[PDB]
Each structure stands twice: as C-alpha cells, then as structure tokens.
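Let's start with one chain on its own, the form deposited in one PDB entry, as structure tokens.
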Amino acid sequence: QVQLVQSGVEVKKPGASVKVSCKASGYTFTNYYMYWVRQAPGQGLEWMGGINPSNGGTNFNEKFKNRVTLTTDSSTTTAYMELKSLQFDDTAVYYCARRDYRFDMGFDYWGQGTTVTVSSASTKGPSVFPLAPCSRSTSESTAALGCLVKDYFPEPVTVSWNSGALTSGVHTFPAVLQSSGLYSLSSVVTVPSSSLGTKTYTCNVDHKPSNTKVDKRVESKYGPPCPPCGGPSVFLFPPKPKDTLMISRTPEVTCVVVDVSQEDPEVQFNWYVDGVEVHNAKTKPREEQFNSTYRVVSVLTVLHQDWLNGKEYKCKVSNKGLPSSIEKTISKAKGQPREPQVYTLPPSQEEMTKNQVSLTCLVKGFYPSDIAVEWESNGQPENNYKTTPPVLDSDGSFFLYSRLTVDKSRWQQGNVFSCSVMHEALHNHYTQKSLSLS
C-alpha cells in the first residue's frame, strides 16, 4: 500500500531552521513528484514547492523561493523540506503529498502532517485553575464545572475527568494562543446539580513536553474542612367553631404544604371524607415564601352536619421530593357532648375603686371544647373582652371564663350586658345570659 510517513513535532525559535522528512513506501518513488503543502491553524492550504526525485528538479511558490531547500534520497525513498529563517507565521502543519510525474491526477496520497511551532517561548507547564459557579444554590437541575489550563507551551495538553470515568457532558475547547505566546484552554463538564457535594469532580491535565501531570480537584464531597454555609411537611387546619355552629357561615378544612423544593414544585392534592375520595376541594396556586421553598394551599368546604356527626377529613399530598406520600387527618373531637352552663358575675367590690371594671362570664360543664363566646351591650356587640382557653375539669368536662372590661360609669348607670355562647350541645347551638347593676 502507498504510504507517506512524516517526521515528528518541531518547536523552533524565530530565525532558526527546520528539516522535515517524508518516508515514502509501497510505490515506485521516482515515478511521482513530491510536493510540500502547509496549513496554518484554522487557515487554508498553501502549496510551497515540489521536487522530481528522478532528477532533483525543483518548482516553488515565490513566497518560499530562497527560504526552502527541497531534497530527496532514492535509496531510502525519503523526501526532505528544509525551511530556513523561521518566522512566527511559519507555524503550521506541513504535509508531503505525491503527484504522478507523467499525467497530473492531483495529490492522491498525503503524509500525516508535521506540526511546526515558531516561538520565543520556552517550554512551560500549565497552571490549572478550577472553574465553578459562584453560588450554585439555584432552582436549576444542571450545573457546569471545569478547569482552566493556562500559560503552557508548547501544545498539546490532554484533559480527562475522573481518570476517564466521566465522559458524558465534557467539552474540551481548542487552545488559544495568548499575546504572551503561551497557550491556554478550558475543559468543562455539565453534571446534575444534586451530585455536587455527593460525587467528586477532578480534571487530569497532562502536558507531555514539560513532563507535567496535574489532577486538580475542582469539587469535593461535603464535610470538614469545608465551611458549613428537610423535605415537605403538611398541616391540616379544622374549621372555625362559629362556622360549624351557624348555618349562615361556611366551614372549611384547610390543607397547607410547606418546605416544598424549588426543583420539585408539585401541586398534587387528594381529599377523603370518611375514607371515600372527594373532588370538590378548591386548590390555590403555589407561592415562594421568602425561603428557598414553595407553599401551596387546598381548601375543602364541609357541610355543618358532617363535621358535627364526626367525619374524618383526610388530606393526601404528593410531590417528587418525597419517598412515599404525606397524609394528615382531622375531625371534630370525639366523645359524648355535654351542655355548657353559663353564669354571669358582677365586678368585685374591691375593683369598684378603679376607673374600669371587669364583667365576668363563667362557662362550665361543656364537651367537646369547641366553643365561641361573645359579649353584647343593650342591643349591640361589644369589643373590649378577652376569653380564656377551655380548661379540663376533674369531671371530664371543660370550663372557661370570658372577661368584658367596661368604664365603671357604664356599669353604674345600669347598662345591661350579655354573655352569648355558641356550642353544639346547646339548643339551636346558642344561649345568652344577662348582667346588670343590682
């Protein structure tokens, strides 16, 4: 087979000389011309000259006459190209290519090329610097990392990731020749952002002309000595007591999910009334709550009788940041209802020396503890009142106190005050008791 084997890589200073060889084999060497063509990096082809081996007759391109010497050895079927007085723009890949002497049928066989670099540098190994995001917290699933292989001479450098194991997503860019005359290239790799502190990322840079090998760790696993800098949770809220007891008002069960990831913002809600699935819940759109988390709410309306007869309201939440699914259930407090007793108490004699006095309402003997207490004056609602939470008594029932603060003059001028209680065990879920200066 026809073969043209050229000599190796050349690195020269300007003003120096270079001699490239081209070993021919598998054909009658003397029946073909040998031509010389060069290609500067990222440029086209430039024919330099030609030699006829049988007689040594040379042809040249005007630009290369005087600086190029073409020679041949018919015993060793080798062609040589000596380029003298080298200049930076002689940097190229130099090719030999044969051509039939009798009938020109183009350059049918070429050598593999010989790279020649013309430069004032000075063999030097690279400084390898890591390429990493300044703040890869984000909501994006793919992160880029790399190695900047700067200030080396001459070419080439080879870059691998994780000793050959990491191949997908890698882009090693062609080298750039800087104003200094030293080369530089970057190698990058796109990886899943989840993997960052879970998996190791190392670039293996080899610069054979300087015998330098560098395995630069760009991203390590989490843990010391690195400075330090839990999935969705569900809350289910019952209706408001007044809303379950009054037929005018509307009771609702509210399901809220918090700590939802930015990469996984799912809104999958499933509701059940006494184990049977329902579909009348009005779900709301998701919102970013000043955390690196999403919050979303689903509201299921309930009939007054369903909540009062018990009934379990289950909220199932689904999201791709959970191993399974979160399910919370709510209902009215279980147990035999017991009826509240309501009593009003006037201010203490000792409190009458003050500008404002306390009107007291004792509400005792009720079960469950869901209750609403309010105050009214003459024929209108009051405002300056506070009610205590329900307290469990020794008989298994609850009591509470509600306190209305009033100007002593209002109490002293005979105004009638009313303490109103709404509870499920009361007739029409409502009762009222009056208080007046005796």
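The first residue of the shown sequence is 1; numbering continues from there.
Unmodelled residues of the deposited sequence between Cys229 and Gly230: 4 to 9. Mean C-alpha B-factor is higher over 261-269 than over the other stretch, the pair under comparison being 142-150 and 261-269. As recorded in the PDB entry, 158-166 is the stretch of 112-120 and 158-166 with the greater mean C-alpha temperature factor. Within the listed group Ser195, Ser187, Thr202, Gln341, the record reports its top CA B-factor for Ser195. Within the listed group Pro347, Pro130, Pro209, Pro323, the record reports its top CA B-factor for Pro323. Ranked within its chain, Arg99 lands in the middle third, by CA B factor from the PDB record.
Annotation for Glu277: C-alpha temperature factor in the highest third relative to the rest of the modelled chain, per the entry. Per the deposited record, the Cα B-factor of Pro238 falls in the middle third when ranked against the other modelled residues of its chain. Placement of the Cα temperature factor of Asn415 within the chain: highest third of the modelled residues, per the deposited record. In the PDB entry, a CA B factor belonging to the lowest third of its chain's modelled residues is recorded for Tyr80.
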